Structures are given as C-alpha cells and as structure tokens.
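Here is how the chains run, residue by residue.
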Amino acid sequence: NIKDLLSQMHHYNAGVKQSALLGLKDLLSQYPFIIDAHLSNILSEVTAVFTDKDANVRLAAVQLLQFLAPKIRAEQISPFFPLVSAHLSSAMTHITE
Amino acid sequence: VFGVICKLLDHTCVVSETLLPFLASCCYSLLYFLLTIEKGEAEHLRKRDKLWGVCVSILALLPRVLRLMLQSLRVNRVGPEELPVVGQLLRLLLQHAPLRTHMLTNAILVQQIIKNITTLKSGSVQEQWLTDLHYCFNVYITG
C-alpha cells in the first residue's frame with residue numbers, strides 16, 4: 001500500500017527508493033483517489049530532500065512530479081510552497097553545480 | 001435541536017452523560033432517512049442538504065457520540081434489507097475529511113463491523129457496494 005511505499009522512500013539505501021517511485025506513479029494512475037486521501041504526506045516525502053546523490057533518483061522524482069502535477073490543482077499545495085522553495089533555494093544556492 | 005447543540009458548544013460545556021445515548025439514537029435514525037429517499041415522494045427531496053449539514057456537524061463537535069453511535073451499529077440483529085443502507089453510511093462517513101481523526105481513534109470498532117458485513121455475505125454475488133467497502137477503507141486511510 002501507500003504506507004509501505006512511504007517507508008520505502010525514507011529508507012537509507014538509494015537504490016531501494018528507485019523501485020518505489022516507478023511503482024508509485026502506476027498506483028495513483030490506477031486510482032486517482034489516492035491523491036486526495038493523504039495529500040499532505042505524499043508531497044512531504046518527495047519534496048523532502050530535492051537533492052539526491054545519484055542523478056536518476058531526482059529524475060524519478062521529477063517524473064513523479066511530472067505525473068503528480070496534473071492531479072493536484074492549488075488550495076492544498078498553497079501553504080507548503082514556502083516548504084518546497086526552502087529545499088529548492090538551498091539546492092540552487094549550493095556549491096555543487 | 002441538532003442545530004442548537006451545534007451552535008451553543010463552548011469549552012465550558014458540561015454535556016450530560018444522560019443525553020449522549022439519546023443523541024446518538026436520534027442521529028442515526030435521521031441519517032437513515034437521508035439514505036432511503038428512493039425518490040418517490042417529491043416533497044421529501046429538497047430537505048436533504050439542510051438535514052445532512054446539521055447531522056454531520058454534531059459528530060465533529062462531540063467525539064463521544066461518534067463512539068456511542070458506532071458502539072451500537074452492528075449486524076446479526078437486522079435482516080439483509082437494511083444492509084445496503086448501513087454499508088453506504090459506514091463508507092460515506094469515512095469521507096468528509098472534517099471527520100478523519102475522529103474515525104481514526106475508533107478504528108477497532110469500525111474494523112469489527114467490516115468483518116461482520118463480509119461474514120454473513122460469503123456465498124453471494126459480488127455486490128459492488130461491498131467490494132468498494134474493503135478498498136475504500138484501505139485507500140482513504142491506512143489499514
């Protein structure tokens with residue numbers, strides 16, 4: 001379920017997460033109702049770091065954000081905009097190009 | 001009367017224990033009316049949203065009545081005629097986000113009823129309203 005996938009996202013191993021994101025997008029694609037049930041938690045985990053150490057990890061997160069963006073349409077995402085920009089600003093203003 | 005308690009509660013309220021069992025009984029029976037509209041009489045159709053709004057607000061403000069209401073809603077004492085009615089209500093209250101944490105604390109009570117509904121309806125047809133019941137519980141909140 002989702003709670004299993006949420007645990008797979010916070011796992012220490014980076015390769016463990018890679019299987020989760022691919023399976024995640026398939027699950028919400030089958031059931032759009034997964035979106036509104038737990039909107040707060042899904043956004044927090046994917047937006048948590050926004051700067052991995054392997055290139056494809058962000059790409060999988062970006063493709064998840066590519067797929068997840070059409071469903072969420074404002075209101076709910078409005079107050080975590082400072083939150084996402086916090087990880088965004090730190091990553092843009094970072095030593096590594 | 002449902003409106004008064006919805007519009008009078010404060011942190012200093014000393015709500016009596018002799019009135020809570022009365023309120024829970026009066027709430028579900030009114031809730032039963034909304035579900036069995038079955039069209040028919042056109043008069044008893046416009047008076048749906050108003051009753052539904054005040055009915056839902058009474059459980060949000062009173063955590064205890066929700067437990068009292070769900071402590072009596074069970075099976076093995078009512079025929080299968082009312083089973084679609086209770087099944088629709090139980091799955092519907094899982095929606096309406098204002099009442100998530102209230103149902104979260106009463107997960108055990110709701111879970112026991114879930115098995116009961118599936119229990120007597122073992123050898124039967126799919127009954128889509130029952131198929132959605134299991135998935136919606138696991139989808140809209142954790143299992």
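Here is what the cut-offs are and how they apply
- Residues numbered from 1 in each chain as written, not as in the entry; some residues may be left out.
- Chains lettered and ligands numbered in written order.
- Part of a larger assembly, values for the part shown.
- Heavy atoms only, no water.
- Contact = heavy atoms within 4.5 Å.
- Buried area = accessible area lost by both parts, 1.4 Å probe.
- Salt bridge = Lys/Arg side-chain N within 4 Å of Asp/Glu carboxyl O.
- Helix = DSSP H or I, 4+ residues; strand = E, 2+ residues; numbered from the N terminus.
- Disulfide = S-S within 2.5 Å.
- Buried < 20%, exposed > 50% of the residue type's maximum accessible area, 1.4 Å probe, protein only.
- Core = buried A, V, L, I, M, F, W, Y, C linked by side-chain atoms within 4.5 Å.
- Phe/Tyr/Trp six-rings, centres within 6.5 Å; stacked < 30°, edge-to-face > 60°.
- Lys NZ or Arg CZ within 6 Å of the ring centre and 35° of its normal.

Method of structure determination, per the deposited record: cryo-EM was used for this entry, reaching 3.56 Å resolution.

The next point concerns the interface of chain A and chain B. Every contact between the two is made by 5 residues of chain A and, on the other side, 5 residues of chain B. Summing both partners gives a buried area of about 520 Å² for chain A against chain B, and 58% of it is carried by carbon and sulfur. Taken together, chain A and chain B are joined by 0 salt bridges.

As for its position among the elements, B:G123 is in the loop between α7 (107–120) and α8 (128–140). Between the C-alpha atom of B:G123 and that of B:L19, which follows or precedes it by 104 residues, the distance is 41 Å.

In this section: the state of the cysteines. In protein chemistry, a disulfide is the covalent bond that joins the sulfur atoms of two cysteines. All names here are of chain B. Under the defined criterion, the tally for this structure stands at 0 disulfides over all chains. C27 provides the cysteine sulfur closest to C55, a residue in no disulfide bond, and the two sulfurs are 3.5 Å apart. Free of any disulfide, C136 has its nearest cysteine sulfur in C55, 20 Å distant. The buried category is assigned to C136, whose relative accessible area is 9%.

The subject of this paragraph is the nonpolar core. Counting residues in each nonpolar core, the largest one holds 35 residues, and the members touching the most others are B:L59, B:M69, B:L70 and B:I117. Going through the elements one at a time, α1 (2–6), α2 (20–35), α3 (49–61), α4 (63–70), α5 (83–93), α7 and α8 of chain B are the ones with two or more residues in this core. At 6 residues, the largest contribution of residues to this core is made by α2(B). The contacts of B:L70, once residues within four sequence positions are left out, are B:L90, B:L109 and B:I113. One finds A:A20, A:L21, A:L24 and B:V139 within the second-largest nonpolar core, a separate group that totals 19 residues.

This paragraph deals with the packing of aromatic side chains. Applying the stated criterion across every chain yields a total of 2 aromatic pairs over all chains. Ring geometry for A:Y31 versus B:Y135: centroids 5.0 Å apart, planes at 70°, classification edge-to-face. Linking A:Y31 in the loop between α2 (14–30) and α3 (33–37) with B:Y135 in helix α8, this pair reaches from one chain into another. In this structure A:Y31 comes out as partly exposed when scored by relative accessible area, which is 27%. Between B:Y28 and B:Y32, the ring centres sit 6.4 Å apart and the planes meet at 75°, which makes this aromatic pair edge-to-face. Within this pair, B:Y28 and its partner B:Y32 are both found in helix α2, separated by 4 residues, close to a single helical turn. Exposure remark for B:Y28: the relative accessible area of 21% places this residue in the partly exposed category. Over the ring of A:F67 we find A:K71, and its NZ or CZ is 3.5 Å from the ring centre.

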